[PDB]
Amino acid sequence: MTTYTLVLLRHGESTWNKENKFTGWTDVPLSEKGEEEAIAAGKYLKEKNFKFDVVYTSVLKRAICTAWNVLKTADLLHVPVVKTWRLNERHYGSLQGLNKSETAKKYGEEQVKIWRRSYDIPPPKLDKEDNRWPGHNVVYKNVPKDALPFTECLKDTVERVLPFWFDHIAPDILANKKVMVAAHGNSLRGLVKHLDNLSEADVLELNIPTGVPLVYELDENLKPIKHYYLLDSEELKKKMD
């Protein structure tokens, strides 16, 4: 008898995408193009008449600008925005800032694949005393420093995402408010893993395109009914890589 609507939105391209450095929690801005992706997304949302009561996002700039550009375009600047580290990209450990190929040559090309493409084998942990430690960064000034990863594997990311869904995202949906989550591909993958109740296998085969709204239709027990991408079926096919 009753249906809920949730919107997941990955962030568009960033400065590092055309550079091949591992990024993780490194705070890179959107690029000209990823700015265009969030306005467009917003434009589509407006045209199809999606309204929001809450927007949840990471504390990483590239997702915050995404949420913001959507709301501006859709004329919902008044909508409250909740930012949480719990929505961040998967942390890349000592790999952060480092060049993908130059690390495929300072280690096996099969080592970087496990670290990149597996589910539960994390890259080398950072030291606390390294300057990339999140705990040195004022962004996390107001968060117990022991909550912050030295390194993550997708399973760690999922585990730190799900509390935020049960405590905040999910009550909201259950309270009859329309929520959008503008986060990162890995954190959004933690979210669909649970929603679609995916095995380790399938969730690793799942690729979420950038800048494309993912609409989930959920029942009274928040189990999906269906899920669809809001795009024209010519950009979507292109956008699927």
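The first residue of the shown sequence is 1; numbering continues from there.
Enquirer: Do the CA atoms of 106-114 or those of 137-145 have the higher mean B-factor in the entry?
Expert: Per the PDB entry, the higher value belongs to 106-114.
Enquirer: Would 151-159 or 95-103 have the larger average of its C-alpha temperature factors, as given in the entry?
Expert: Averaging CA B-factors over each stretch, the winner is 95-103.
Enquirer: Go through 172, 205, 53, 27 one by one and give the residue whose Cα B-factor in the PDB entry is largest.
Expert: Spelled out: the listed residue with the top C-alpha B-factor is 205.
Enquirer: In terms of CA temperature factor as recorded, identify the highest of 61, 184, 178, 48.
Expert: Among 61, 184, 178, 48, the highest C-alpha B-factor in the entry belongs to 48.
Enquirer: Name the third of the chain's ranked CA B-factors that contains residue 214, choosing lowest, middle or highest.
Expert: Within its chain, residue 214 is a middle-third residue by C-alpha B-factor, going by the deposited values.
Enquirer: Taking the values exactly as deposited, rank residue 43 by C-alpha B-factor within its chain and report the matching third: lowest, middle or highest.
Expert: It falls in the top third of the chain.
Enquirer: Compared with the other modelled residues in the chain, in which third is the CA B-factor of residue 192?
Expert: Middle third of the chain for residue 192's C-alpha B-factor.
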